[PDB]
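Novice: First the structure, then my questions, so here it is.
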Amino acid sequence: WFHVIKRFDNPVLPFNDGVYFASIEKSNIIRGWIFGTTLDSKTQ
Amino acid sequence: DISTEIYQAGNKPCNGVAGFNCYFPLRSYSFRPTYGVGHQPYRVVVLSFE
Amino acid sequence: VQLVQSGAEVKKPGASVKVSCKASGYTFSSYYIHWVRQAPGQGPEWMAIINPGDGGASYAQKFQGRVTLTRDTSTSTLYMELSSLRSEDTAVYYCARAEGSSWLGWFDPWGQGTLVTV
Amino acid sequence: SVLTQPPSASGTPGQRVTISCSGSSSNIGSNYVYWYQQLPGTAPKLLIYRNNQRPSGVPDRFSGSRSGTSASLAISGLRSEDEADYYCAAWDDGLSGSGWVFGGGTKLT
């Protein structure tokens, strides 16, 4: 569980065999996702 | 995907320099009209029926 | 608008023989050049196809690597340097012209040929 | 492959005979054929394109055709001037080499 209440908690997390992402919200602060492996401008 | 990094075949750390135990994975075909059958380039299309 | 050969004579076997013919006429960068060898009393065998400009080369199975060709644009000369001459290498060479940017089709007229004997 | 040809072509002045090249699969039935005539003492000269038309112009007494894996040329109005050697050329596309292969050798009598 991550929460935002100068609060800042957005690390990178490992991915294995899918993921379940849940969010409880009213103000719609999440705009999307980004994921890959390196972001080395060589791997998509 | 696209990957142009240098292969590390052996247990020796190297970067940038190419040569011994630092290989380039991308090698090119060579096509000439006088080559025999089997070395001819064959266009291949597949289908993905489900 | 024509091609003429060069003069030669008998040479020792197992040596290098220089053969050439000139080229003149139309534009040069967009016409492929064929060379073909013909033996007396039999049928001719196809020798080589050459792209001018970059000087692209291709050779048959029976002559792959054992023969060397060079080409140029400004001087307009077309050389082979034969090596490893046998009694089989006594024949007449012809230099030709093709359709242009294509190695399939009819063959434009050849020269007078060069006879080589060992 | 090897493009077998008859060793000779018999004839008399004033009649029609056919000279043919028999080839293997993917050599005659795949690509077109080229007929050539070698006059003695002269450089060889083209006489036909792909056998549906004349290249520049020849009287139509000579007719070329294909049949299966072979090619044929019927000649009529034979003269003593036209006694020469006939050759056929084709793109082989065989294993380990795909050069401009030729036929055997025939003599017109």
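Simple scheme: letters A, B, ... for chains in structure tokens order, numbers from 1 for residues in each chain, numbers from 1 for ligands in the order shown.
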Excluding region 36-43 of chain C and residues on its chain fewer than 2 positions from it, collect all residues at most 12 Å away from it, counting only C-alpha atoms, and give them as an MDAnalysis selection string.

Specialist: (chainID C and resid 33:34 45:50 59:60 63 80 87:97 107 109:117) or (chainID D and resid 2:5 7 36:38 40:41 43:44 85:89 99:107)

Novice: Pick out each residue of chain D that DSSP on the backbone tags as strand (DSSP E or B); I need them as a PyMOL selection string.

Specialist: chain D and resi 4+9+17-22+33-38+45-46+62-67+70-75+85-91+94+97+100-102+106-108

Novice: Can you spit out the residues from that selection as a short mmCIF file (atom, residue, chain, number, x, y, z; two decimals), in the first residue's frame, using C-alpha atoms?

Specialist:
```cif
data_model
loop_
_atom_site.label_atom_id
_atom_site.label_comp_id
_atom_site.auth_asym_id
_atom_site.auth_seq_id
_atom_site.Cartn_x
_atom_site.Cartn_y
_atom_site.Cartn_z
CA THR D 4 21.54 -31.39 -74.12
CA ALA D 9 21.16 -30.81 -87.87
CA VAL D 17 13.82 -28.49 -90.27
CA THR D 18 13.60 -27.90 -86.52
CA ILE D 19 16.53 -27.58 -84.10
CA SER D 20 15.76 -27.97 -80.41
CA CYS D 21 17.35 -27.67 -76.98
CA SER D 22 16.10 -30.07 -74.31
CA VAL D 33 15.63 -19.04 -73.89
CA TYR D 34 18.00 -17.32 -76.32
CA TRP D 35 18.87 -18.60 -79.80
CA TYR D 36 22.26 -17.76 -81.32
CA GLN D 37 23.93 -18.45 -84.66
CA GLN D 38 27.72 -18.48 -85.13
CA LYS D 45 25.08 -12.11 -83.53
CA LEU D 46 21.71 -12.01 -81.78
CA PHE D 62 12.34 -18.62 -88.83
CA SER D 63 9.94 -19.43 -86.00
CA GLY D 64 10.75 -20.14 -82.36
CA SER D 65 8.59 -21.75 -79.70
CA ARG D 66 8.73 -23.55 -76.34
CA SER D 67 7.28 -26.94 -75.39
CA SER D 70 12.41 -27.74 -74.30
CA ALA D 71 12.75 -24.97 -76.88
CA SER D 72 12.54 -25.34 -80.65
CA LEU D 73 13.37 -23.28 -83.74
CA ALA D 74 11.93 -24.17 -87.14
CA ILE D 75 13.92 -22.91 -90.12
CA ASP D 85 26.38 -23.54 -85.64
CA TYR D 86 23.35 -22.95 -83.42
CA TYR D 87 23.44 -22.35 -79.67
CA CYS D 88 20.90 -21.83 -76.91
CA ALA D 89 21.45 -19.87 -73.69
CA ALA D 90 19.37 -19.90 -70.51
CA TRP D 91 19.49 -18.90 -66.85
CA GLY D 94 20.67 -24.76 -60.20
CA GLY D 97 25.85 -21.96 -59.21
CA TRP D 100 24.18 -18.27 -67.95
CA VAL D 101 24.41 -21.87 -69.11
CA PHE D 102 24.59 -22.81 -72.78
CA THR D 106 25.06 -28.67 -83.46
CA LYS D 107 26.16 -28.35 -87.08
CA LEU D 108 23.83 -27.44 -89.95
#
```
